[PDB]
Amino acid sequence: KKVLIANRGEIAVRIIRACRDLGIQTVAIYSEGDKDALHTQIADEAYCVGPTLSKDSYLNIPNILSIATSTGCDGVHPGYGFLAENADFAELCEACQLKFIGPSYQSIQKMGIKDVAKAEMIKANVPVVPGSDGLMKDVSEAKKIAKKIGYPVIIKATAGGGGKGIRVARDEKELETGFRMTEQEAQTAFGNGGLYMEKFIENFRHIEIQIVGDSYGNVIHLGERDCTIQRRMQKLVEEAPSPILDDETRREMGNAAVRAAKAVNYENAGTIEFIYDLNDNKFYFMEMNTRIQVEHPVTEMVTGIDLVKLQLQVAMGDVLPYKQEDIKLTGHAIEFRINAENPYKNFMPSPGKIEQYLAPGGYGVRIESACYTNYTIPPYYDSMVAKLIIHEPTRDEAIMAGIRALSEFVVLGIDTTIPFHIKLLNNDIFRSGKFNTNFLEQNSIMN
């Protein structure tokens, strides 16, 4: 009946749209900085939750819970980021008679301590990257494990998110220096300096499987997303299906992801991330995001399934409206994350007022955005202007259509990364579809 959206930006707008499609009432929250945010305008009601820094606004749990109960909400949608993978917030909602629109706290706990997640996958017969058994207490056993696994190794925060608390070590001296750095950063960022170690995979594709469970033990997958085009770990361009994957591997990986989700009795939407090793064409579980993702639209276009609406439906108590045999991926979709950065200045942030915003339309085109003419993106959270998604019958058609779409997208007053994406789509290595995660790093797409 009524849902509080515990987020901001384009995901808040997105969830709000999903609620209205189901006739659900919407409560937006905003920080002092987000006073002009679009989601606060399109919500049925909006409430200030605290000052600009996320720690006192969007992560201010007592205030979010307070507002939620005060206004008579039945649930809370966390979106992505902020409190979406926070098991304690999830538990507190439940204790308030508020439905956390997402998986259980037990589920968030199990998959949210990434070393424990791995051990759970080994027991659900899911392959995982060779590595340490749980956390390393010392550099000493980090050095011991790393010589057992073989360099290069990657040291990762077990409580980790947003790319923070991850370091490659290519020799013992790097592992020694990187251990203390990552432990420090993790304790600060997460209140948990526990680190685990993995073989650092060098030639792979980032393949992730969308899963969705209901409250009745039914789990399905909506195929894969290919998120190999990455700058500094962070995803820039996502596509569905993967250009390099055959139907037998899609099926084998989808089945692995469904085993993953039910080993932890997973409910609502999540994503299994897999490392697809191009050296032997084997996949490895890397982690689960126990939440909706930025890139969900690429999947929604090829599958025809409204994933956020399905999140709300699953939370309201609906059984899954599709079994696995009803799911098909039709056509090809590619998402471009358009940020307020200048690709001609090595992606230097570009703050300012948007003087002209003209979003493209036409066949195949979906624009996801909270930006509008005269809007100023506050520099304290994010750089996302829009996600553009192109859906065509083939990949080459999506590429041609994407240039078309991207080429008429007017965002003036600030620099954006549209030019980067236009240049990528004209790149012959990209068009070949054959490449790994290092692609941006061992090329110079901007010329």
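From 1 onward, residues are counted along the sequence shown.
K.L.:
On mean C-alpha B-factor from the PDB entry, just flag whether 50 to 58 or 404 to 412 is the higher one.
P.N.:
Looking at the record's C-alpha B-factors, the answer is 50 to 58.
K.L.:
When the C-alpha temperature factors are averaged for each of 133 to 141 and 106 to 114, which stretch ends up with the higher value in the entry?
P.N.:
Between 133 to 141 and 106 to 114, it is 133 to 141.
K.L.:
Between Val212, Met233, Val308, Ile305, which one tops the list for Cα B-factor in this entry?
P.N.:
Result of the comparison over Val212, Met233, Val308, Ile305: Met233.
K.L.:
Between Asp247, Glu300, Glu239, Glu208, which one tops the list for Cα B-factor in this entry?
P.N.:
The C-alpha B-factor peaks, among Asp247, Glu300, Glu239, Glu208, at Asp247.
K.L.:
Check where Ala37 lands among this chain's C-alpha B-factors and tell me if it's the lowest, middle or highest third.
P.N.:
Highest third.
K.L.:
Within this chain, which third does the Cα B-factor at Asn63 fall in: lowest, middle or highest?
P.N.:
Middle third, going by the recorded CA B-factors of the chain.
K.L.:
Among the modelled residues of its chain, does the C-alpha B-factor of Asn86 lie in the lowest, middle or highest third?
P.N.:
Tercile = middle for this residue's CA B-factor.
K.L.:
Grab the CA temperature factor for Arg170 from the record and place it in the lowest, middle or highest third of its chain.
P.N.:
Answer is highest: the recorded C-alpha B-factor places it there.
K.L.:
So where's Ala260 on the chain's Cα temperature factor ranking, which third?
P.N.:
Middle third.
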